[PDB]
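Listed next as C-alpha cells is one chain, alone, in the form deposited in one PDB entry.
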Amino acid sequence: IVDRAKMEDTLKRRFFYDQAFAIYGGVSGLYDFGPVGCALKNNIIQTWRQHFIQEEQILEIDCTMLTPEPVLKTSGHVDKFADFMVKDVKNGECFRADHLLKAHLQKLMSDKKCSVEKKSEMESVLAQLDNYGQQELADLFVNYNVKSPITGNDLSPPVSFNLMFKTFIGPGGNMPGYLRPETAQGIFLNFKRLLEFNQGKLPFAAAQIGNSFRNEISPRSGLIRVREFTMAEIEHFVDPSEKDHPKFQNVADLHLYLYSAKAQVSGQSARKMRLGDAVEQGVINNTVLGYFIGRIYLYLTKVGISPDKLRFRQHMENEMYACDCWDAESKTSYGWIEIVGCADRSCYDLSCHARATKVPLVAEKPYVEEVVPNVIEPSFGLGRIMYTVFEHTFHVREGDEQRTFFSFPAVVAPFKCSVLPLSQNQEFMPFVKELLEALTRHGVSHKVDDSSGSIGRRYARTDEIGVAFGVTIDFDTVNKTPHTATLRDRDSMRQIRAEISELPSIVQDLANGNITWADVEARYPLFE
C-alpha cells in the first residue's frame, strides 16, 4: 500500500533512475540510472555474485548481445517470442492484444445491465487469455466488438509481433541478427567449453550478468516493463539420475510461501511451508530445484524484499517441451510480479543446437553413457528486484515536513556511513581523515557530508537515499579528551556516543549483522 507517487518523486528527485532521453522527449521502456541508482544496482550485483557465483563456485562467462539469426531460429524465438498485437484501422496506433481484450471484458463485467451468466462466460474467457491462438483471438475480438480505447475506431485482426530487436551484422544484408532476449543461449552455445573446463564432470553451473532486450509494444509500468535490462542468469546442469543436491539441508528449515499449480487450479491460497516438508510431500519435485528456491529466497530477503510480500508460484500446465517452473513473485503496487524465474527442464535448447550444428552437446559418464543433462535455471530480473526493494523499504517519517527514507539493508545501501563534521578546518581534518581510512580498512563505504543546514537536515538528505549509519564529528570530538563522536542509526534516528577510534569496528559489526542497534545501546552511552 506504498505511496507510489511520493516514492517516484523521491526516486526521480534524488536520481536513482529517470527517463532516458528526457530532453529529446523520452523513450518509454528505457531508463538511465544516476549515481545513487548505480551504487544500489552495483551493490545488488555484488551481493548476487557472493551469494551465487562464489557460494556455488559457478563458472562465469560473458557472451555477446549481438546474435545472428540462425542461433535464435533454433531456440524458437524467431517463431514464438511474440505478443499478439492489434492496431487502429485509421491512425495506426499499436496495442498489445491480450491486455486490450482483458480491459474490454473487465469493463463489460462491471456493467449493471450485464447478466450473471454473461459475466461467468467472460471470467472463463479471462482464464484462457494466454492459451488462445491467432484465429480464436481474432474471433474473440469480433464477438466482443473490441475497439480502440483511445479513439474508439475499429481494430485490425490480431497479428504476431516478435519482440526481438532486429539489426544486421556486417555490411550488405546477408547476416541478419538480433539483440539477445536472454543470456541462457550463450551458456548453451558454450556447453562443450564449459564441460571441458569442468574436467568433463557433472554437475556444474554457469552464469552471465548482462543486458538483454525485449521490444515491448507499449511499456507504461515504470521499471517493471522495460525494453533494455540487466539479468543475472544461472544454468545449473545436473545428471537426471544424480538429481539430489548435497547442500539442500542448509535451506530445508526455511519457511516460505509456496503457491502450487494445484492451489491455483483448486482456487485456494498460498501456503507457508517448511522447504524440507514441501520436498517430502511432492510439492517441490526435487532437492536441486529446492536448494535454489531457498537460495533465491535468502538472496531476495537479504537484499531488502519483505518475506510477508514474497511467494513462490508454480506454473500451470497451460503456460507451457514443458517444465516444472517456479517464479519468485513480490507483492507490489502493480500487484504480484515475477522477479526471479526458476525452471527445471529435461528437454530444452541444448538438444536443438546440437542437431542444428551437428556438434554433440552431451556429457559422457564412464561403460560410456551419453548424458543429456537436466537444468535448473534461476533467472534474476535485477531491475524488478530493485524496484521491489524500493516499494518494500520506502517509509515516510512522522512529521509535518513528510521526510522520507529507504530502510535499505546495509549490504545494498548506496553507502553504509555518512560522515558529517561540523567543520573542515585544520583541527578537524586529522579526525576525518583517520575515520575515513579506518572505515576503509573495515570495508565500510562512506561519504563525507558537505551539505547545508542543521545536523538533522543534513542527515535527512542522507536518509532520503537510504544511507544506513552516520557519524557526527563536532567540536567536543576535536577538543575534549577522549575524542568521541555521535553514531546515528538511520531507521530509529537514535544516537550514541563512542570513542572516535572504536566506531569503525562498531559500524562494521552493525553493517554485517554481527551486532544489533540494541546491542550498541546496551554497551555505549545514549546521546541526543
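Note that residue numbering begins at 1 and tracks the sequence as displayed.
Below: the form deposited with a small molecule bound, not depicted.
Think of it this way: in the deposited bound form, the small molecule has a heavy atom of just one of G304, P414, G290, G381 within 4.5 Å, and the residue is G381. When the small molecule is considered in the deposited bound form, only one residue from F428, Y334, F229, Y348 comes within 4.5 Å through any heavy atom, namely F229. Interface membership of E216, defined by any non-hydrogen atom within 4.5 Å of the small molecule in the deposited bound form, is confirmed. When the small molecule is considered in the deposited bound form, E242 lies well away from it, no heavy atom lying within 4.5 Å.
In the deposited bound form, at least one heavy atom of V340 sits within 4.5 Å of a heavy atom of the small molecule. At least one heavy atom of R96 is located within 4.5 Å of the small molecule in the deposited bound form. Checking 417-425, 216-224, 401-409, 114-122 against the small molecule in the deposited bound form, the stretch whose residues place heavy atoms within 4.5 Å of it is 216-224.
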